[PDB]
Structure formats: structure tokens, C-alpha cells
Amino acid sequence: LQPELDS
Amino acid sequence: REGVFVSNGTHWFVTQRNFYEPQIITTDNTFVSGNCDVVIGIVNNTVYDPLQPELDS
Amino acid sequence: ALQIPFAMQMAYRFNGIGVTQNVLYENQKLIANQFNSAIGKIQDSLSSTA
Ligand SMILES: *[C@@H]1O[C@H](CO)[C@@H](O[C@@H]2O[C@H](CO)[C@@H](O)[C@H](O)[C@H]2NC(C)=O)[C@H](O)[C@H]1NC(C)=O
Ligand SMILES: *[C@@H]1O[C@H](CO)[C@@H](O[C@@H]2O[C@H](CO)[C@@H](O)[C@H](O)[C@H]2NC(C)=O)[C@H](O)[C@H]1NC(C)=O
Ligand SMILES: *[C@@H]1O[C@H](CO)[C@@H](O[C@@H]2O[C@H](CO)[C@@H](O)[C@H](O)[C@H]2NC(C)=O)[C@H](O)[C@H]1NC(C)=O
């Protein structure tokens, strides 16, 4: 999830 | 991930194997392994990713 | 009797031994061969033995 929490 | 991929003639679902209860195919209904090049009888269809519309905000 | 494709039946029998079903579909030629060869050894044993 942490790469998508770049959003 | 557990169950079978089936089609009603137009759409693809995953069901448990001992009772017909169809679900939309998603990235948590399923697991990945490798390219489409290897598997005898693979088919092309969408997998919905439930995080993507949430993470769009 | 509910019909099921034989390679998909064998994928469920792989889940029944704790091996993930992609291990069958990614190795299906090698599992279909070697099954066929192991059956050939039954014929050769029963033909040659006494
Ligand atoms: C396969 O299943 C899909 C999903 O249930 C069917 O398509 C839907 O049918 C309902 C009711 O007629 C419509 O309101 C929807 O708009 C349809 N589309 C979707 C994506 O939900 C489809 O008709 C079934 N196919 C067959 C041949 O029975
Ligand atoms: C399943 O999807 C793949 C990728 O979208 C399709 O492969 C392409 O097919 C066209 C027409 O044969 C070729 O021009 C492309 O070069 C192919 N791309 C790749 C990456 O191989 C494939 O044809 C689809 N399968 C079916 C049965 O429709
Ligand atoms: C797993 O074992 C099989 C044999 O049980 C290996 O397949 C053989 O590979 C050699 C390569 O030179 C071929 O000559 C044989 O004909 C193959 N046998 C069959 C039945 O196809 C396979 O390479 C092994 N895989 C790994 C990852 O070790």
C-alpha cells in the first residue's frame, strides 16, 4: 500500500 | 485464491466450487504468478483492484 | 458427476497436497509427461516380471 499512499 | 473461474457466456466470475455463488474477479479474490505465456487455456479478462478508486482521492 | 477439465481437476489435487495450483499449470507438460512414462513402466513391469 505505501507506494499508492504517495497519492 | 480459493474457488474456480467460470463464465455465464459473457462475463467472468470466481465461485466457490461446491455451491454456485459468483463474485466479481479482484486482486484479493486471486493471486498472481508469472506471464500469460506458460498456461495452457488461460483467457483475457479484467481484474478489479479495490484500492485504486479509494487511493484516487 | 459434475464435469471438470482434467488439468483443472489435477490442479485441485495439487491444492489437496498443499502445493499451490500454479505449480501445476506452469509445469503441466512435465507433469503430463512423466505421468505417461510412469504408466508405461507398469506395462513393462507386468510384461517382464514372473
Ligand atoms: C452474465 O452476468 C451478467 C451480470 O449479471 C449479465 O449482465 C447484466 O444483466 C443485468 C440484468 O439483465 C443488467 O442490469 C446489467 O446491466 C448487465 N451487465 C452487467 C455488467 O451487470 C449478463 O447478461 C449475463 N450473461 C448471460 C448470457 O446470461
Ligand atoms: C490476450 O491479450 C494479449 C495482449 O493484449 C493478446 O496478444 C496480442 O495479440 C495481437 C494479435 O494477435 C498481437 O498483435 C500482439 O502482438 C499480441 N501481444 C502480445 C503481448 O502478445 C492476445 O491476442 C489475446 N488473446 C486472445 C485469445 O484474444
Ligand atoms: C525437474 O525434473 C525434471 C525431470 O523429472 C527435469 O526435466 C528434464 O530436463 C532435462 C534437461 O536436459 C531433459 O533432458 C529431460 O527430458 C526432462 N524430463 C522431462 C520428463 O521433461 C527438470 O529440468 C527439473 N527442473 C528443475 C527446475 O530442476
# chains A, B, ... in the order shown; residues from 1 in each chain; ligands from 1
$ residues_around --residues "residue C:22" --least-positions-apart "5" --cutoff "10 Å" --atoms "only C-alpha atoms" --output "PyMOL selection string"
(chain B and resi 31-34+39) or (chain C and resi 11+14-15+27-28)
$ residues_around --residues "residue B:57" --least-positions-apart "3" --cutoff "9 Å" --atoms "only C-alpha atoms" --output "tab-separated table (two decimals) with C-alpha atoms, in the first residue's frame"
chain	number	residue	atom	x	y	z
A	7	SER	CA	-1.30	9.83	-3.62
B	53	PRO	CA	-10.72	4.09	-6.64
B	54	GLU	CA	-10.07	4.78	-2.89
$ residues_around --residues "residue B:6" --least-positions-apart "5" --cutoff "10 Å" --atoms "only C-alpha atoms" --output "PyMOL selection string"
chain B and resi 11-15+20+22-23
$ residues_near_ligand --ligand "ligand 1" --cutoff "6 Å" --atoms "only C-alpha atoms and all ligand atoms" --output "count of residues only"
4
$ residues_around --residues "residue B:16" --least-positions-apart "4" --cutoff "7 Å" --atoms "only C-alpha atoms" --output "list in words"
residues 2, 3, 4, 20 and 21 of chain B
$ write_last_selection --atoms "C-alpha atoms" --output "mmCIF file, in the first residue's frame"
data_model
loop_
_atom_site.group_PDB
_atom_site.id
_atom_site.type_symbol
_atom_site.label_atom_id
_atom_site.label_comp_id
_atom_site.auth_asym_id
_atom_site.auth_seq_id
_atom_site.Cartn_x
_atom_site.Cartn_y
_atom_site.Cartn_z
ATOM 1 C CA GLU B 2 -9.888 -20.338 -3.474
ATOM 2 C CA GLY B 3 -12.620 -21.440 -5.946
ATOM 3 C CA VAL B 4 -13.000 -21.558 -9.782
ATOM 4 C CA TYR B 20 -22.744 -21.598 -7.190
ATOM 5 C CA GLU B 21 -22.114 -18.149 -5.637
#
